[PDB]
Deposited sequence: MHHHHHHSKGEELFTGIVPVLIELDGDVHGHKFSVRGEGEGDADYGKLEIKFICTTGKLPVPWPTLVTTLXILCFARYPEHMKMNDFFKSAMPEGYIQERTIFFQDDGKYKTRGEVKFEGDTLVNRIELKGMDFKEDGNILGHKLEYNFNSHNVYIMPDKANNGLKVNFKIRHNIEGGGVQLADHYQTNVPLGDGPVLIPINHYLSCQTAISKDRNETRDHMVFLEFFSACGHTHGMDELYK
């Protein structure tokens, strides 16, 4: 490794802990995720549990909120890997996600090492949602399509501006758009890699655990940097 010290933290399998605090339309909920990341493979394997009971939104609408440091950057692209460069002190990731003809998520997380573990600690607020819309009415299929994530430098803030659209299939036919606006800024003082325009290619498989009695999501994701 020769472009950032933080890259060295991602050799082999890294434990992952995700803690999400949410509040949408008067419904408070918590999600806890535990799993492993293999950045050399761009692979995540996580199981998520709603620790507060029933999730009051569809699991697919939380995927993007619930760690881009696990992307596979090919050698010729590794100079562009902001996410690993910020480690171990990590980065703030902030989004507004606009659901077309419905409400928005406002999210803010810290992604950083806590000892051996890569942690995403994140808050979500859901504003202006329709009680009978596709989100609060649970009208979205239990799946997640392939998407590209568009990364741009933000030299002014020593970080990133990121944008992409998620297409959520509606039960019975139709697509619900979720427009993602994102920023990343470092938490620490160390040097970071400010990239050129590039994108991540993201494949996701969500499933259920036969044995699990809690509201939950089994999660498999592969993502790669392309330029």
**OP:** Take the full deposited sequence, match it to the modelled residues, and report the stretches without C-alphas.
**Re:** 1-4, 71, 233-242
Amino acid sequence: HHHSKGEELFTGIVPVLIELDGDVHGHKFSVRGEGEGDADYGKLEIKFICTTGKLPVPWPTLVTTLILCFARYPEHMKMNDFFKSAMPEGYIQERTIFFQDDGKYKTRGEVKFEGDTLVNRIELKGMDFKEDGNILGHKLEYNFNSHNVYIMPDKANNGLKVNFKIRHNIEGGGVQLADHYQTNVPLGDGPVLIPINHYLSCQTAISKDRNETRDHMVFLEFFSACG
From here on, numbers count along this sequence of modelled residues.
**OP:** Using the B-factors recorded in the PDB entry, average over the C-alpha atoms of 42-50 and of 25-33, then report which stretch comes out higher.
**Re:** 25-33
Subject >> Selected stretch [higher average CA B-factor]: 87-95 or 149-157 >> reply: 149-157
**OP:** Going by the recorded CA B-factors, say which third of the chain residue 173 sits in, lowest, middle or highest.
**Re:** highest
Subject >> Assigned third (lowest, middle, highest) for the C-alpha B factor of residue 144 >> reply: middle
Original post:
Ranked by Cα temperature factor within the chain, is residue 16 in the lowest third, the middle third or the highest third?
Top reply: lowest
Subject >> Modelled-residue ranking by C-alpha temperature factor, third containing residue 125 >> reply: middle
Subject >> Cα B factor band for residue 107 (lowest, middle or highest third within the chain) >> reply: lowest
